[PDB]
């Protein structure tokens, strides 16, 4: 399970579990979308009037309308059709974070209470992550991947998922700087446990891009020889901790209180940190930074284990 939300791990011969899942989505999602719509309605007028914000607002209204218009799920035939609608919405909404970032960038300056946008984005993006997890889980329940029940991996290796995103971030970095730091992984490298990869897929690349940009930008004289990023995995009975340590010079004192703000960037829109922290906390975890100004940064991602 996740916040106020359960991921059904049930399997059934008749496929009755797909019906149960679909029915669950149909009770759960419209309410959650409705809350987000209320969120748009309460946005400060000048932000709510932004055409890009209006577009997302309308997308959410349209999502609510489609889900509520969909008939009661009675049989596998209905459920199959329902999955089509779910796939459509997941796709129609795939650029929502980008749209919000864009619509909010200028318009948020025109209000006074800056805490407002932070609260709206935290609440909206985390609710969205939840919606997407539930929807994607339902679709995945049709899949027959070994080691998966829906989007729940029954034997996730943190080392493997880290390596996947390391390769991804190194590719981006190499394309931009001609090189990329190597990454060493230590600690509980052999750990394997039930876990939902999705949040890691969101968070890991954000933290890795940060460490790599910082490293390259602080070693412009020696792009061909930069210090490794070092990642430590700690697996215990309560949580999983992933520490990502760079020698990229640190987060400057004058920036430290701003890096967690949406839209703050020293370079994207500056969303990597605030989004990652919101997601971690939403899931019962945390994201903490330790800056060694002049040397580098240690970033600690903590995520709670799945309860059985």
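Numbering follows the first chain given and starts at 1. Here the rigid core means the biggest group of C-alpha atoms that line up within 1.5 Å when the two forms are laid on top of each other.
Superposing each structure in 8 other deposited structures of this protein on the rigid core shows that the farther-lying of 296 to 304 and 21 to 29, by root-mean-square Cα distance, is 21 to 29.
A fit on the rigid core, followed by a root mean square over CA positions in 8 other deposited structures of this protein, ranks 97 to 105 against 182 to 190 and picks 97 to 105 as the more shifted one. Across the other entries compared, at least a third leave residue 265 without coordinates even though the residues on each side are present. Unmodelled residues of the deposited sequence between neighbouring positions residue 267 and residue 268 number 10 or more. Mean CA temperature factor is higher for 69 to 77 when stretches 69 to 77 and 89 to 97 are set side by side in the entry. Stretches compared: 145 to 153, 232 to 240. Higher mean C-alpha B-factor in the entry: 145 to 153. For the set 206, 174, 102, 201, the PDB entry assigns the largest Cα B-factor to 174. Per-chain ranking of the deposited C-alpha B factor places residue 277 in the lowest third. Residue 223: CA B factor in the highest third of modelled residues in this chain (values from the PDB entry). Among all modelled residues in its chain, residue 247 ranks in the lowest third by Cα B-factor.
For residue 130, the recorded CA B-factor ranks within the lowest third of the chain. Only modelled residues enter the ranking. Residue 216: CA B factor lies in the middle third for its chain, per the PDB record.
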